[PDB]
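Participant: Right, I'll just put the structure down here and ask away after.
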Amino acid sequence: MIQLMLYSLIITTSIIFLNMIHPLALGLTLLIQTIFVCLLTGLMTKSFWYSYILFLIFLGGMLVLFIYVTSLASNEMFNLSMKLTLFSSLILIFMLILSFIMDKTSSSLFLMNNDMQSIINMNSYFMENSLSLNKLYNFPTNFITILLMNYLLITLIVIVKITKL
Amino acid sequence: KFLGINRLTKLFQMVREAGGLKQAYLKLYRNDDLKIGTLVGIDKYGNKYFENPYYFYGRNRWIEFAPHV
Amino acid sequence: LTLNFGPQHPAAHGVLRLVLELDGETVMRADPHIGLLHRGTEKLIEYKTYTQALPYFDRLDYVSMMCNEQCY
Amino acid sequence: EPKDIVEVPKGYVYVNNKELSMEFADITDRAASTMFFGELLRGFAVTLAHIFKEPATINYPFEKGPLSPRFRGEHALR
Amino acid sequence: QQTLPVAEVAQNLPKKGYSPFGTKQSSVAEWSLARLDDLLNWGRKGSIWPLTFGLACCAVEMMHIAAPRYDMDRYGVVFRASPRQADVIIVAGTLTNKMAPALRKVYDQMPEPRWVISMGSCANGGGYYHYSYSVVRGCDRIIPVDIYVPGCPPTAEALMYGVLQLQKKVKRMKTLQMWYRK
Amino acid sequence: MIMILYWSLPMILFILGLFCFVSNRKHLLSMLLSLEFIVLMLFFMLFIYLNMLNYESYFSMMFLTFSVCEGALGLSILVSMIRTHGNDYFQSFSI
Amino acid sequence: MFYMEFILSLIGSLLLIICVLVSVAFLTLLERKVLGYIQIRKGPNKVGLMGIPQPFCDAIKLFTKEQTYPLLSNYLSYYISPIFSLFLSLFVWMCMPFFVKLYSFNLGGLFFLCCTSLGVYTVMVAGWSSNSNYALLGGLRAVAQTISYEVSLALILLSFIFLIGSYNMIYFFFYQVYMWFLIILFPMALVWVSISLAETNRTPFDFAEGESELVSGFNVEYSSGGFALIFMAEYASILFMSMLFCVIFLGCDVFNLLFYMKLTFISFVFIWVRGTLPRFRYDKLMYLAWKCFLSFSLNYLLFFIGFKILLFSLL
Amino acid sequence: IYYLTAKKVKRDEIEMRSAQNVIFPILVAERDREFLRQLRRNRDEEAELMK
Amino acid sequence: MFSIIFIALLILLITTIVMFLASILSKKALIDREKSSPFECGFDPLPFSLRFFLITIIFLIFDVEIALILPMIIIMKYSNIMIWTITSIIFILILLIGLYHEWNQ
Amino acid sequence: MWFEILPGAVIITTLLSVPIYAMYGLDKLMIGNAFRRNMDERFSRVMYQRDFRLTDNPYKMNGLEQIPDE
Ligand code: SF4
């Protein structure tokens, strides 16, 4: 049910993202889309680690650059329209009552949670967020995360050169 | 005393010299601090002037106004 | 960024108007605008006697009172 | 005792005239004061000692501050 | 004037009470609006935030009610630098001709209710530069003033007496009773 | 079918963000914000793929690192024209 | 699924929100009182009895004054910053270590880092929508210091998570059953005090929201209820930093009354450094956040990497 | 002192894990019997529905 | 997580209701030309800064770097010890060498 | 003098002591068990699921009296 609520909220924020043109308003629409995307990717998974990782990296880490650039880009304020708010509310109530009149068992995702797994599954009882993150720090896939940290340092070296400081 | 236990009975005799606990409550509610002092003067208008050199300079003399206001 | 450290601002002493041009946090230019507390003291001294113009100096530099009276 | 950068005359007193010490004891003392906030600890202790001081608030208008017999107030005709 | 009442006369007088209106209202709605206005005026007089508007010497006494002897903080009074967050503006100093639009703009950006205290003879009436070419003849020609503190550098008891007189004015404010009688 | 009921919505919103990326009624900042919108939809679809497998979800912070470096690269490209094209280049409707 | 779990979780969260808000009001009273006693002067008095309803005098005044706006036409963006600020300050408290179960936050440190990473967002919309150059300067300065010590705070808490072996906040209790972590992490205690006075704008890191170099950084146009919500959000952040100091370093001790006595003592310490220290500069604060604290963070994280490897062989 | 405290926490969680390993196979057998029974009723329900 | 959505929506609803009632309780006066003006001290009245932008970029690079330091507390009891130590020492040592090199240059 | 701070601080000690202690009463009222069941490990959630399967109140005990005589 709440997965369908997040579907409806993402649809509504995407169509208002298509409608609006003010750059900080699109930045605000992105920062409120990232929360719903984080929660909706939290519904399929065993545990909410990667939603937290996407949260710190994308919203609190990266989009603040977008919010700063779009804040200094536009001198003017938002022109709030009650027509777009009314249309968003109408399509939101329509999509929630459409989720009310729809069977939620067929519309639920087939991806297993931590409790949707079998009871006799030995690997699920060990430690939360342990076996999924294991391949980051084991042979031979540790070279990718070493290359990722090197890639981030090289990215900073690129950014200092292209902005010319 | 080293610890300061003997100021608690000074607070208690402040309460008894105020006229009870309710009178000490309305004295603390009206006058912003509770003090003891020798009654020096009474006006014709009903004010009461107290002096006590235990406190420091600027605070050793106080007026308590007439109780009709 | 042109900016006014105006008379309301507390780091200014209440009448200083610092029109300062800022490139980021650095101060590229800073022009002080004064005379917001100009009271016409020298025009008013000449219409009064010496002992009447003595209390002007108390109000001139008002954290140095007796030094100003001493100088006059 | 640090040496003087500028020789202090008889009628003057010099501030910030001490040389920076280079022996290892003074360097370790300044290093520990930098790392472990010793001078900030002294500032915090001096600040905290003023909570236990007597307040100087004179409680207006039941108690009024000192005046003088020469005091200038409302003009009046005798 | 009136003679202040002799204690023989004043012992027969009853207690005044906190409310200037009194509890002798007839209607229950009028009494409820009176007590709501009493609570609102108590909240307003319980914390007035004056603005850091110090033009000249008078302001050196203004910091002397910030000072530990007089201690304005136990009267609800604490300085605020922004004019939006402040209730009161204390005109403490000499308003000049270049200072007039700055004071008017700072007062106009302040939100209502707005009480103004004129501190010192330069603030009200012009004072010692009243016949000057570039001094406004008092701030009453520009900003509407509720309390006028008299002394050339007001003692700090007299400025705080003006603050207590402003608190008595705020306690005497009638808004909901006027709304019931409008 | 399976595509109609599952993971149909990330495709539709990906095409909507692609059309917002390339429309001539928008500007360059709108292109970059719609680009990070399709980055978010790509994360959604990639996580739906990666959760059919049990313990390969660690790839989600690899694509995140690459696309966040792409976004910082695009912002640093776009603001490098401030000292050359002026502050009015953000309102350009054409390239 | 049993419904009294939902009912009691709702009741406990609303009771937590109510008690946090009244403790915010009494924390403003405590700060005005003992901050006066930092100097010679007295605190609030003469309102009600002994100055106790002074924050209610603040609340009646701030909820009655005219809600002014930085521009007359469109000001709905002016509204959304104190709403989200108070929402985050009342929402961050859900990761408090409760021994009776309220929310089973197995990743509480990540939740705290998320709410701190929104702190930059609410202060950025506070700065931009107030339409003033002082407001934009204060918003940019606050975003600068908060993202400058966000990385440092993440590394410091990441070094602390190595001690307990997991991200569960209640695991701070079991590793503090014999001694507190104030003994073992005293330079980390000083660094964490410098961190917690940087994300929340206090006097040692006050170039963002001071009354000297700016008149006010991002509260310059906020008044008449918006300033009240912002003030309550900032003091709730102070209360959260006091609690989070008392969980990590001092023993969690959630039930004991000594834990809340220590929480009031760390709030007293926050008001104690409010009156003592001067304010840092922009260049010196970029020097502090990116070189000294970052180098200490990575170095002593290496120290706990070596120590947790050394204990893993011995155990 | 932290090493001693971590040793105490380690022996507590090893005690809890050993208790979990004791409790586990009875619950596995109960899940096995209910899973086989529910598979039988699911096959019967699918057979009667799809006639 | 479903209870967290309910309590966050309740906090948002309570704060919006409190602000709406504060806007009703606020004293409505006549709106003015000068009262709506943005506040500059006294007399009535910024470009892009690259240094703050590279501060945000350094924050972003270190944030994505911290997001790879985050998992290894859990993995320490469930991985090869030599590989984990080599990657952790190499990770923080290359971070420290890069920080010191960017300090010196 | 300086003991006027303790009106403003001890109240802070009381109010923040409220949201646990009242729950330590309140979980003893409607549940009967003072502590709600910890949902951190998956085994605790499975055994809580087993209790709520066995009885409609998961905190109600199935002791040795449930076992039939044999
Ligand atoms: S009134 Fe007197 S003390 Fe005040 S500013 Fe004028 S000259 Fe100075």
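Scheme for the structure tokens: letters A, B, ... for chains in order shown; per-chain residue numbers from 1; ligand numbers from 1 in order shown.
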Please report, as a count of residues only, each residue of chain B to which DSSP assigns strand (DSSP E) when run on this structure's backbone.
Facilitator: 13
Participant: With a cut-off of 10 Å, could you pull out the residues of chain J touching chain H and give me the nearest pair of atoms for each, distance in Å to one decimal, using only C-alpha atoms, ordered by chain and ascending number, as a Markdown table?
Facilitator:
```
| residue | atom | partner | partner_atom | distance |
| --- | --- | --- | --- | --- |
| J:43 | CA | H:20 | CA | 7.6 |
| J:44 | CA | H:20 | CA | 9.3 |
| J:46 | CA | H:27 | CA | 9.7 |
| J:47 | CA | H:27 | CA | 9.1 |
| J:50 | CA | H:27 | CA | 9.1 |
```
Participant: Any chance you can output those residues with N, CA and C atoms as a CSV table (one decimal), in the first residue's frame?
Facilitator:
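The new file result-v2.csv reads:
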```csv
chain,number,residue,atom,x,y,z
J,43,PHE,N,16.2,-13.2,14.3
J,43,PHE,CA,15.7,-14.3,15.1
J,43,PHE,C,14.7,-13.8,16.1
J,44,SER,N,15.0,-12.6,16.7
J,44,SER,CA,14.0,-12.0,17.6
J,44,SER,C,12.7,-11.7,16.9
J,46,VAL,N,11.5,-13.3,14.2
J,46,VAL,CA,10.9,-14.6,14.0
J,46,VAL,C,10.2,-15.2,15.2
J,47,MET,N,10.9,-15.0,16.4
J,47,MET,CA,10.3,-15.6,17.6
J,47,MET,C,9.1,-14.7,18.1
J,50,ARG,N,6.4,-15.9,16.1
J,50,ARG,CA,5.9,-17.2,16.6
J,50,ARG,C,5.0,-16.9,17.8
```
Participant: Chain D residues within 8 Å of chain E, counting only C-alpha atoms: which ones, as a PyMOL selection string?
Facilitator: chain D and resi 55-60+64-65+73
Participant: What lies within 12 Å of residue J:33 using only C-alpha atoms, ignoring chain neighbours under 2 positions off, as a ChimeraX atom specification?
Facilitator: /G:4-5,100-101 /J:23-31,35-37,57-61
Participant: Could you write out the selected residues, including N, CA and C atoms, as a tab-separated table (two decimals), in the first residue's frame?
Facilitator:
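And here is the file that came out, part_15.tsv:
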```
chain	number	residue	atom	x	y	z
G	4	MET	N	-0.91	-2.58	19.83
G	4	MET	CA	-0.42	-1.79	20.95
G	4	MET	C	1.02	-1.36	20.78
G	5	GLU	N	1.80	-2.04	19.94
G	5	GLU	CA	3.12	-1.55	19.57
G	5	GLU	C	3.03	-0.22	18.82
G	100	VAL	N	13.38	0.68	26.77
G	100	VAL	CA	12.04	0.28	26.35
G	100	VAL	C	11.87	0.70	24.90
G	101	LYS	N	11.39	-0.22	24.06
G	101	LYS	CA	11.52	-0.03	22.62
G	101	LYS	C	10.52	1.01	22.13
J	23	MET	N	6.53	5.66	30.07
J	23	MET	CA	6.44	4.43	29.29
J	23	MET	C	6.77	3.21	30.13
J	24	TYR	N	7.67	3.37	31.12
J	24	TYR	CA	7.94	2.26	32.03
J	24	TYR	C	6.77	2.02	32.97
J	25	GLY	N	5.89	3.01	33.12
J	25	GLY	CA	4.58	2.72	33.67
J	25	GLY	C	3.63	2.17	32.62
J	26	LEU	N	3.64	2.77	31.42
J	26	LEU	CA	2.54	2.57	30.48
J	26	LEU	C	2.60	1.20	29.81
J	27	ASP	N	3.82	0.73	29.51
J	27	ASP	CA	3.99	-0.65	29.06
J	27	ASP	C	3.63	-1.66	30.14
J	28	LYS	N	3.69	-1.27	31.42
J	28	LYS	CA	3.20	-2.12	32.48
J	28	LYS	C	1.68	-2.06	32.64
J	29	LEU	N	1.00	-1.18	31.90
J	29	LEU	CA	-0.45	-1.04	32.02
J	29	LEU	C	-1.20	-1.80	30.94
J	30	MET	N	-0.93	-1.51	29.66
J	30	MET	CA	-1.72	-2.10	28.60
J	30	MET	C	-1.11	-3.39	28.07
J	31	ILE	N	0.22	-3.50	28.09
J	31	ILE	CA	0.85	-4.78	27.77
J	31	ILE	C	0.90	-5.69	28.99
J	35	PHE	N	8.91	-4.00	28.94
J	35	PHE	CA	9.78	-3.77	27.80
J	35	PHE	C	9.13	-4.32	26.54
J	36	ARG	N	9.06	-3.50	25.50
J	36	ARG	CA	8.64	-3.99	24.20
J	36	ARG	C	9.76	-4.79	23.55
J	37	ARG	N	9.38	-5.72	22.67
J	37	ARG	CA	10.32	-6.71	22.16
J	37	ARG	C	11.26	-6.10	21.13
J	57	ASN	N	-1.96	-11.96	21.99
J	57	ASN	CA	-1.03	-11.05	22.64
J	57	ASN	C	0.34	-11.71	22.62
J	58	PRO	N	1.35	-11.15	21.93
J	58	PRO	CA	2.66	-11.81	21.88
J	58	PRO	C	3.42	-11.75	23.19
J	59	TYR	N	3.04	-10.87	24.11
J	59	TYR	CA	3.68	-10.77	25.41
J	59	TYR	C	2.98	-11.60	26.47
J	60	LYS	N	1.93	-12.33	26.09
J	60	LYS	CA	1.27	-13.26	26.98
J	60	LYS	C	2.01	-14.59	26.94
J	61	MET	N	2.31	-15.13	28.11
J	61	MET	CA	3.18	-16.30	28.21
J	61	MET	C	2.42	-17.59	27.95
```
Participant: Extract the full set of helix (DSSP H, G or I) residues from chain J according to DSSP on the backbone, and format it as JSON, numbers by chain.
Facilitator: {"J": [5, 6, 7, 8, 9, 10, 11, 12, 13, 14, 15, 18, 19, 20, 21, 22, 23, 24, 25, 26, 42, 43, 44, 45, 46, 47, 48, 49, 50, 51, 52, 53, 54, 64, 65, 66]}
Participant: How would you report the residues lying within 6 Å of ligand 1, as a list in words, if you count only C-alpha atoms and all ligand atoms?
Facilitator: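 The residues within 6 Å of ligand 1, counting only C-alpha atoms and all ligand atoms, are residues 59 of chain C; 56, 57, 58, 93, 94, 120, 121, 122, 152 and 153 of chain E.
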Participant: Residues of chain I within 9 Å of chain F, using only C-alpha atoms, as number ranges by chain?
Facilitator: I: 47-48, 50, 53, 57, 60-61, 64-65, 67-68
Participant: Identify all chain G residues at most 12 Å from chain A by counting only C-alpha atoms; ligands do not count. Present them as a VMD selection string.
Facilitator: chain G and resid 70 to 78 80 105 to 133 136 to 137 139 to 141 143 to 144 146 to 148 150 to 151 154 165 to 168
Participant: Atom CA of residue G:174 to atom CA of residue I:80: how many Å, to one decimal?
Facilitator: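 Interatomic distance, atom CA of residue G:174 to atom CA of residue I:80: 26.7 Å.
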Participant: Residues of chain C that approach chain G to 10 Å or less, counting only C-alpha atoms: could you list each one with the shortest pair of atoms and its distance in Å to one decimal, rows by chain and increasing residue number, as a tab-separated table?
Facilitator:
```
residue	atom	partner	partner_atom	distance
C:1	CA	G:133	CA	8.4
C:2	CA	G:133	CA	9.1
C:3	CA	G:133	CA	7.6
C:4	CA	G:134	CA	9.6
C:5	CA	G:214	CA	8.6
C:8	CA	G:215	CA	8.4
C:9	CA	G:215	CA	6.0
C:10	CA	G:212	CA	5.9
C:11	CA	G:212	CA	5.2
C:12	CA	G:212	CA	8.8
C:24	CA	G:137	CA	9.0
C:25	CA	G:282	CA	7.9
```
Participant: Check every residue of chain B for an atom within 12 Å of chain D, counting only C-alpha atoms, and provide those that qualify as a VMD selection string.
Facilitator: chain B and resid 30 to 35 47 to 51 55 to 65
Participant: Set the cut-off to 10 Å and count only C-alpha atoms: what are the residues of chain D that reach chain G? Output as a PyMOL selection string.
Facilitator: chain D and resi 35-37+40+43-59
Participant: Considering only C-alpha atoms, can you say which of E:159, E:40, E:90, E:59 comes closest to chain G?
Facilitator: E:40
Participant: Need to verify the contact set: residue F:12, 12 Å, only C-alpha atoms, exclusion of same-chain residues closer than 3 positions in sequence. Can you return it as a VMD selection string?
Facilitator: (chain A and resid 10 to 11 14 to 15) or (chain F and resid 3 to 4 6 to 9 15 to 19 38 41 to 42 45)
